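Single chain ahead, by itself, as structure tokens, in the form deposited in one PDB entry.
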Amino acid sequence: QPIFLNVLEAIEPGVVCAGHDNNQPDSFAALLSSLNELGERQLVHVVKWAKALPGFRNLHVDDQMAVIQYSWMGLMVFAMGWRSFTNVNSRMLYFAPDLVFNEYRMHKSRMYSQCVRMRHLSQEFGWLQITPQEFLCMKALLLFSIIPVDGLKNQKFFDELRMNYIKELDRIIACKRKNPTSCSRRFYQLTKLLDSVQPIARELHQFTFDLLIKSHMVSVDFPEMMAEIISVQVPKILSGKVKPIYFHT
């Protein structure tokens, strides 16, 4: 495989447990608290993963933290969808080996509709027969799919880096598409899939935001990093100061 592909497959984070006590009844407080703890843990891996991405360190240090704090949601949801597809054939949401959501939990989580959309996204991997290489390249591009309206500290470098990752995706598609009427069609399908992630991410952004505000009333715990990011970064997205980068209108 090319060097780019070797790197993506090599830095891909391993299994991460949520530390949820399945010995406890499925309550809203317990379920969401574990989801937050999982988010905190995953965030650590995302940071290491990102800094290990080709050219990422070329971005200004401040922009490195910015893009991560804005796209972590989309990145995790996309990865979760892939796990769910690969582990339980998208039958359930495989957040973590110790935190698998079934119908009952989807309802109990008080975000059934959102879970439904994530399951659909999960199924898309199967319907479109997404390859492991395509998944990796798409997930990397998600790290560069949401920035502030006023641009980053160094938009030049970000725009160049994003472009290079979009090109890498093309090669992965053109490195097997022997059919002349499937190559271009494939890029269309993948870009559409990538876009369908943002709408889902925004719904979770609004949901987690509201949950944090009334977290003390519903007995839901938010880790240090999660609480800080959801109250400082997320609001910028919900207020329209930070918007996702769509391929299609």
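The first residue of the shown sequence is 1; numbering continues from there.
One more form of this protein exists, namely the form deposited with a partner chain bound; it is left out here, but the text below deals with it.
Each of 44, 47 and 51 places at least one heavy atom within 4.5 Å of the partner chain in the entry with it bound.
Contact annotation: of the candidates 191, 69, 33, 198, the single residue with a non-hydrogen atom within 4.5 angstroms of the partner chain in the entry with it bound is 69. In the entry with it bound, none of the heavy atoms of residue 18 sits within 4.5 Å of a heavy atom of the partner chain.
In the entry with it bound, none of the heavy atoms of residue 215 sits within 4.5 Å of a heavy atom of the partner chain. The partner chain is not shown here, and in the entry with it bound it never comes within 4.5 Å of any heavy atom of residue 222. The closest heavy atom approach of residue 65 to the partner chain in the entry with it bound falls within 4.5 Å.
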